[PDB]
Structure formats: C-alpha cells, structure tokens
Amino acid sequence: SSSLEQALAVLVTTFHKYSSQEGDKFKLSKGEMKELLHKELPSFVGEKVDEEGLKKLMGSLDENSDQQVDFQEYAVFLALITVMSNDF
Amino acid sequence: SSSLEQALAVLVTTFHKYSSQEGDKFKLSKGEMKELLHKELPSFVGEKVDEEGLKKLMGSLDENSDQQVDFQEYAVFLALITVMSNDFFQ
Ligand SMILES: [Ca+2]
Ligand SMILES: [Ca+2]
Ligand SMILES: [Ca+2]
Ligand SMILES: [Ca+2]
C-alpha cells in the first residue's frame, strides 16, 4: 500500500471505529461524532466539543434527517477537513 | 497528532509533492495526476494509468474548467475514492 492508500484506509477505519459503538453500527450518532471530534480532531475542536457547534455540524452533514451521519454523508466532512488541514 | 490528523496530513503533503513538480505549483496537471495515480493510488488505477480514463478523470474532477486539479478538486476526489474504499472495505 502506498502512503496515500494507507491514509485513506485510516479515513475509513476511523469512521467505523466510532460508528460501530452505539446504535446503528454504520452511522455516527451525535455522541459518536462528539467522541470522534474530541479524540481524532483535537486541533479543530480543542478539549471541549461545543454543544451548539456539534448540533450545527451534525445538522449540516445529516442530509436525510435521521440524526446520524452515514459514510456517504461523512465523505462531505472528509472533504472539508482535508481543505481545512491544508489551509490551517 | 491523532491517527486521523496524521492521515489528513498525508493527504495534504501528497498533493503538494505532485502539484509542485511543474507549472502552477498548487495545481495538478494531467501529467502530475497521472504520476500521482500511478504511484499513490495503484489499488484504484492499477499498474497503468489508462490514457482515455485519465482524460475522463481529469474532466470529471475539473469543476472550474482549467484542465488541472486544484486542492479543493483533489479533496473531493479523495472523498469520492474513500467512499469507494469504504464500499470495498464494507
Ligand atoms: Ca453508531
Ligand atoms: Ca443521515
Ligand atoms: Ca503543477
Ligand atoms: Ca480545475
């Protein structure tokens, strides 16, 4: 595996690491996303995940209004955080 | 750095490794993309980057019609292939 492929694999595995804990094993709940942000993106959220921001994040990603983020919906998040990592 | 932050940093450094080769240092030319595909995404392109497929890929990725792939266009490409990777994985 190339370095890029290894990195892409971590994008995949990370989603499932959090999604598979609670509820639907293939969707990220609010709570699973909060954990993902705090543990995986501390540079973006710091030590405390802001409740209102989390609600708006979830709402913007959750295109089918099931209150969860599926992997297709999560790909939008991946694109955003990739751009953010380049710029900031 | 978290495993996810380390992964994102690889996506950023990989882009610039290839984009900075020639021409605009912040955009992937068709040639730069060909190499990136060949060396970095062989599990998606394989051993040869196909020429017709390369032209189709560039066209599909190139939302601003400048015949190159910029960072945002690349970020969308990778998010699409990770949805592909997740399909293969799941
Ligand atoms: Ca879940
Ligand atoms: Ca959803
Ligand atoms: Ca270039
Ligand atoms: Ca372009």
# chains A, B, ... in the order shown; residues from 1 in each chain; ligands from 1
>>> closest_atom_pairs(of="chain A", to="chain B", cutoff="9 Å", atoms="only C-alpha atoms", output="Markdown table")
| residue | atom | partner | partner_atom | distance |
| --- | --- | --- | --- | --- |
| A:1 | CA | B:43 | CA | 7.9 |
| A:2 | CA | B:40 | CA | 5.3 |
| A:3 | CA | B:40 | CA | 6.9 |
| A:4 | CA | B:40 | CA | 5.7 |
| A:5 | CA | B:41 | CA | 6.4 |
| A:6 | CA | B:7 | CA | 8.0 |
| A:7 | CA | B:7 | CA | 4.6 |
| A:8 | CA | B:82 | CA | 6.2 |
| A:9 | CA | B:85 | CA | 7.4 |
| A:10 | CA | B:7 | CA | 6.5 |
| A:11 | CA | B:4 | CA | 6.6 |
| A:12 | CA | B:86 | CA | 5.8 |
| A:13 | CA | B:86 | CA | 8.5 |
| A:14 | CA | B:4 | CA | 7.1 |
| A:39 | CA | B:2 | CA | 7.2 |
| A:40 | CA | B:2 | CA | 5.3 |
| A:41 | CA | B:5 | CA | 6.4 |
| A:42 | CA | B:2 | CA | 7.9 |
| A:43 | CA | B:5 | CA | 8.3 |
| A:71 | CA | B:83 | CA | 7.0 |
| A:72 | CA | B:83 | CA | 6.3 |
| A:74 | CA | B:79 | CA | 8.8 |
| A:75 | CA | B:79 | CA | 5.1 |
| A:76 | CA | B:79 | CA | 7.1 |
| A:77 | CA | B:79 | CA | 8.6 |
| A:78 | CA | B:79 | CA | 6.0 |
| A:79 | CA | B:75 | CA | 5.1 |
| A:80 | CA | B:75 | CA | 7.8 |
| A:81 | CA | B:8 | CA | 7.9 |
| A:82 | CA | B:8 | CA | 6.0 |
| A:83 | CA | B:72 | CA | 6.4 |
| A:85 | CA | B:8 | CA | 6.7 |
| A:86 | CA | B:12 | CA | 5.8 |
>>> closest_atom_pairs(of="chain A", to="ligand 2", cutoff="8 Å", atoms="only C-alpha atoms and all ligand atoms", output="tab-separated table")
residue	atom	partner	partner_atom_place_in_ligand_line	distance
A:27	CA	ligand 2	1 (Ca)	7.6
A:61	CA	ligand 2	1 (Ca)	7.0
A:62	CA	ligand 2	1 (Ca)	4.0
A:63	CA	ligand 2	1 (Ca)	5.4
A:64	CA	ligand 2	1 (Ca)	4.8
A:65	CA	ligand 2	1 (Ca)	5.5
A:66	CA	ligand 2	1 (Ca)	4.7
A:67	CA	ligand 2	1 (Ca)	5.7
A:68	CA	ligand 2	1 (Ca)	4.4
A:69	CA	ligand 2	1 (Ca)	4.4
A:70	CA	ligand 2	1 (Ca)	5.5
A:73	CA	ligand 2	1 (Ca)	6.6
>>> residues_near_ligand(ligand="ligand 4", cutoff="7 Å", atoms="only C-alpha atoms and all ligand atoms", output="list in words")
residues 62, 63, 64, 65, 66, 67, 68, 69, 70 and 73 of chain B
>>> select_by_dssp(residues="chain A", states="strand (DSSP E or B)", output="PDB file with N, CA and C atoms, in the first residue's frame")
ATOM      1  N   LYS A  27     -23.632   4.072  11.244  1.00  0.00           N
ATOM      2  CA  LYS A  27     -23.899   5.515  11.282  1.00  0.00           C
ATOM      3  C   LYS A  27     -23.306   6.101  12.539  1.00  0.00           C
ATOM      4  N   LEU A  28     -22.846   7.350  12.438  1.00  0.00           N
ATOM      5  CA  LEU A  28     -22.329   8.093  13.571  1.00  0.00           C
ATOM      6  C   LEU A  28     -23.496   8.879  14.194  1.00  0.00           C
ATOM      7  N   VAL A  69     -24.897  10.439  10.909  1.00  0.00           N
ATOM      8  CA  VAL A  69     -24.002  10.651   9.732  1.00  0.00           C
ATOM      9  C   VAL A  69     -23.564   9.275   9.206  1.00  0.00           C
ATOM     10  N   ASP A  70     -24.040   8.922   8.018  1.00  0.00           N
ATOM     11  CA  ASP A  70     -23.627   7.699   7.324  1.00  0.00           C
ATOM     12  C   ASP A  70     -22.340   7.916   6.556  1.00  0.00           C
TER      13      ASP A  70
END
>>> residues_near_ligand(ligand="ligand 1", cutoff="12 Å", atoms="only C-alpha atoms and all ligand atoms", output="MDAnalysis selection string")
chainID A and resid 15:36 66:71
>>> write_last_selection(atoms="C-alpha atoms", output="tab-separated table (two decimals), in the first residue's frame")
chain	number	residue	atom	x	y	z
A	15	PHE	CA	-15.43	6.21	10.74
A	16	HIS	CA	-16.23	2.62	11.68
A	17	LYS	CA	-14.30	2.78	14.92
A	18	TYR	CA	-16.79	5.37	16.20
A	19	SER	CA	-19.93	4.39	14.23
A	20	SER	CA	-19.87	0.78	15.38
A	21	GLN	CA	-20.06	1.57	19.10
A	22	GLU	CA	-23.68	2.51	19.61
A	23	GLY	CA	-27.00	2.30	17.88
A	24	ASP	CA	-26.71	1.66	14.14
A	25	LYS	CA	-23.18	0.30	13.63
A	26	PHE	CA	-22.88	2.00	10.25
A	27	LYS	CA	-23.90	5.51	11.28
A	28	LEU	CA	-22.33	8.09	13.57
A	29	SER	CA	-24.69	9.40	16.23
A	30	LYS	CA	-24.22	12.82	17.75
A	31	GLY	CA	-22.48	11.19	20.63
A	32	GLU	CA	-20.16	9.12	18.49
A	33	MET	CA	-19.30	12.19	16.44
A	34	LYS	CA	-18.55	14.13	19.62
A	35	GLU	CA	-16.08	11.40	20.58
A	36	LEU	CA	-14.58	11.33	17.09
A	66	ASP	CA	-32.02	10.65	10.50
A	67	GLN	CA	-29.95	12.46	13.17
A	68	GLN	CA	-26.90	10.44	12.16
A	69	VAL	CA	-24.00	10.65	9.73
A	70	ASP	CA	-23.63	7.70	7.32
A	71	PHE	CA	-20.42	7.08	5.40
>>> closest_atom_pairs(of="chain B", to="ligand 3", cutoff="7 Å", atoms="only C-alpha atoms and all ligand atoms", output="Markdown table")
| residue | atom | partner | partner_atom_place_in_ligand_line | distance |
| --- | --- | --- | --- | --- |
| B:18 | CA | ligand 3 | 1 (Ca) | 6.9 |
| B:19 | CA | ligand 3 | 1 (Ca) | 3.9 |
| B:20 | CA | ligand 3 | 1 (Ca) | 4.9 |
| B:21 | CA | ligand 3 | 1 (Ca) | 5.5 |
| B:22 | CA | ligand 3 | 1 (Ca) | 4.5 |
| B:23 | CA | ligand 3 | 1 (Ca) | 4.6 |
| B:24 | CA | ligand 3 | 1 (Ca) | 4.4 |
| B:25 | CA | ligand 3 | 1 (Ca) | 4.4 |
| B:26 | CA | ligand 3 | 1 (Ca) | 5.9 |
| B:27 | CA | ligand 3 | 1 (Ca) | 4.6 |
| B:28 | CA | ligand 3 | 1 (Ca) | 4.5 |
| B:29 | CA | ligand 3 | 1 (Ca) | 5.3 |
| B:32 | CA | ligand 3 | 1 (Ca) | 6.6 |
>>> write_last_selection(atoms="N, CA, C and O atoms", output="PDB file, in the first residue's frame")
ATOM      1  N   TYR B  18       3.205  16.186  -5.655  1.00  0.00           N
ATOM      2  CA  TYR B  18       2.939  16.079  -7.074  1.00  0.00           C
ATOM      3  C   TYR B  18       2.624  17.384  -7.759  1.00  0.00           C
ATOM      4  O   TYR B  18       3.093  17.652  -8.879  1.00  0.00           O
ATOM      5  N   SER B  19       1.856  18.275  -7.108  1.00  0.00           N
ATOM      6  CA  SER B  19       1.468  19.504  -7.761  1.00  0.00           C
ATOM      7  C   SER B  19       2.575  20.470  -8.004  1.00  0.00           C
ATOM      8  O   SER B  19       2.563  21.319  -8.914  1.00  0.00           O
ATOM      9  N   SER B  20       3.593  20.407  -7.158  1.00  0.00           N
ATOM     10  CA  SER B  20       4.684  21.335  -7.153  1.00  0.00           C
ATOM     11  C   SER B  20       5.773  20.978  -8.178  1.00  0.00           C
ATOM     12  O   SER B  20       6.767  21.653  -8.265  1.00  0.00           O
ATOM     13  N   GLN B  21       5.578  19.843  -8.872  1.00  0.00           N
ATOM     14  CA  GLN B  21       6.543  19.300  -9.877  1.00  0.00           C
ATOM     15  C   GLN B  21       6.797  20.309 -11.018  1.00  0.00           C
ATOM     16  O   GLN B  21       7.974  20.568 -11.373  1.00  0.00           O
ATOM     17  N   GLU B  22       5.725  20.877 -11.594  1.00  0.00           N
ATOM     18  CA  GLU B  22       5.845  21.825 -12.650  1.00  0.00           C
ATOM     19  C   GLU B  22       4.606  22.691 -12.846  1.00  0.00           C
ATOM     20  O   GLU B  22       3.581  22.511 -12.190  1.00  0.00           O
ATOM     21  N   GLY B  23       4.773  23.673 -13.727  1.00  0.00           N
ATOM     22  CA  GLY B  23       3.660  24.567 -13.975  1.00  0.00           C
ATOM     23  C   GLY B  23       3.238  25.275 -12.684  1.00  0.00           C
ATOM     24  O   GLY B  23       4.057  25.594 -11.810  1.00  0.00           O
ATOM     25  N   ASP B  24       1.951  25.473 -12.539  1.00  0.00           N
ATOM     26  CA  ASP B  24       1.400  26.000 -11.282  1.00  0.00           C
ATOM     27  C   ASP B  24       1.720  24.997 -10.172  1.00  0.00           C
ATOM     28  O   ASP B  24       1.395  23.813 -10.286  1.00  0.00           O
ATOM     29  N   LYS B  25       2.395  25.487  -9.146  1.00  0.00           N
ATOM     30  CA  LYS B  25       2.829  24.606  -8.067  1.00  0.00           C
ATOM     31  C   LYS B  25       1.727  24.168  -7.140  1.00  0.00           C
ATOM     32  O   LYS B  25       1.954  23.307  -6.300  1.00  0.00           O
ATOM     33  N   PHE B  26       0.539  24.741  -7.302  1.00  0.00           N
ATOM     34  CA  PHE B  26      -0.618  24.448  -6.459  1.00  0.00           C
ATOM     35  C   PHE B  26      -1.728  23.746  -7.198  1.00  0.00           C
ATOM     36  O   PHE B  26      -2.819  23.601  -6.656  1.00  0.00           O
ATOM     37  N   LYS B  27      -1.476  23.336  -8.448  1.00  0.00           N
ATOM     38  CA  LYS B  27      -2.443  22.560  -9.217  1.00  0.00           C
ATOM     39  C   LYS B  27      -1.707  21.340  -9.818  1.00  0.00           C
ATOM     40  O   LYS B  27      -0.549  21.445 -10.195  1.00  0.00           O
ATOM     41  N   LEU B  28      -2.467  20.266  -9.918  1.00  0.00           N
ATOM     42  CA  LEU B  28      -2.023  19.038 -10.607  1.00  0.00           C
ATOM     43  C   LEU B  28      -2.369  19.163 -12.053  1.00  0.00           C
ATOM     44  O   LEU B  28      -3.521  19.192 -12.429  1.00  0.00           O
ATOM     45  N   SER B  29      -1.335  19.127 -12.896  1.00  0.00           N
ATOM     46  CA  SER B  29      -1.556  18.959 -14.316  1.00  0.00           C
ATOM     47  C   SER B  29      -1.990  17.535 -14.616  1.00  0.00           C
ATOM     48  O   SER B  29      -1.891  16.649 -13.770  1.00  0.00           O
ATOM     49  N   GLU B  32       1.052  15.393 -13.803  1.00  0.00           N
ATOM     50  CA  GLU B  32       1.246  15.205 -12.400  1.00  0.00           C
ATOM     51  C   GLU B  32       0.202  14.236 -11.800  1.00  0.00           C
ATOM     52  O   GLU B  32       0.538  13.397 -10.946  1.00  0.00           O
TER      53      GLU B  32
END
>>> closest_residue(among="B:54, B:46, B:88, B:17", to="residue 31 in chain B", atoms="only C-alpha atoms")
B:54
>>> select_by_dssp(residues="chain B", states="alpha helix (DSSP H)", output="VMD selection string")
chain B and resid 3 to 19 30 to 40 42 to 45 51 to 61 71 to 89
